[PDB]
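*Asks:* experimental structure and sequence below.
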Amino acid sequence: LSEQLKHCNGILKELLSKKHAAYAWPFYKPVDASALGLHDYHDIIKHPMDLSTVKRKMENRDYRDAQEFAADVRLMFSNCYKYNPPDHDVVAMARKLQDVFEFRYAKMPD
Ligand SMILES: COc1cc(OC)c2c(=O)[nH]c(-c3cc(C)c(OCCO)c(C)c3)nc2c1
């Protein structure tokens, strides 16, 4: 599972790469609810998550296994699906980035 954590890190790097930037960018940094006018965001979302936070946790060796890492990535998408009207542009972007994630996560080495 050092090997599994390296697969996870590879996924993370891909998610942050220019390849996916057109739909990944809203996930780069924590949602700035204040800035955006989303004054209910932190009443609705108990545990914010974003790719910069996942990167910091990987860098700090916070994740002890692939499943812990995946839980944070899925939390980030679930927060998006919870908060937003399902026709919002950001939800379309979340679906696309999550397709990238789930297909490559599935290729995890034993
Ligand atoms: C700039 O990055 C983001 C990332 C986001 O999530 C990962 C979101 C997100 O979850 N919702 C919204 C968002 C923004 C506005 C101004 C909204 O009001 C529409 C008018 O009623 C709504 C419903 C959602 N913007 C994000 C921006």
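*Replies:* That came through fine. Numbers count the residues shown, from 1 in each chain.
*Asks:* and residue 101, how far is that from residue 77?
*Replies:* 8 Å (C-beta to C-beta, to the nearest Å). C-beta: built from backbone N, CA, C; applies to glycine.
*Asks:* now do residue 54
*Replies:* Residue 54 is 12 Å from residue 77, by C-beta to C-beta.
*Asks:* looking at these two, which one has more neighbours?
*Replies:* residue 54 (23 against 18; other C-beta atoms under 10 Å).
*Asks:* how close does that one sit to residue 26?
*Replies:* 14 Å.
*Asks:* which residues does the closest residue to the ligand within the chain contact?
*Replies:* Closest to the ligand within the chain is residue 26: 3.5 Å, counting by C-beta to the nearest ligand atom. Listed by C-beta atoms under 8 Å, 6 or more residues apart in numbering, the contact partners of residue 26 are 90, 93.
*Asks:* do that again at 10 Å, thanks
*Replies:* Contacts for residue 26 (C-beta atoms under 10 Å, 6 or more residues apart in numbering) come out as 50-51, 80, 89-90, 93-94, 97.
*Asks:* again, but for residue 60
*Replies:* For residue 60, no residue meets the contact criterion (C-beta under 10 Å, 6+ apart).
*Asks:* how near is it to residue 1?
*Replies:* In terms of C-beta to C-beta, residue 60 sits 17 Å off from residue 1.
*Asks:* cool, and residue 55?
*Replies:* 19 Å.
*Asks:* please apply the same query to residue 65.
*Replies:* 5 Å.
*Asks:* equivalent analysis for residue 75, please.
*Replies:* From residue 75 across to residue 1, the span is 20 Å (C-beta to C-beta).
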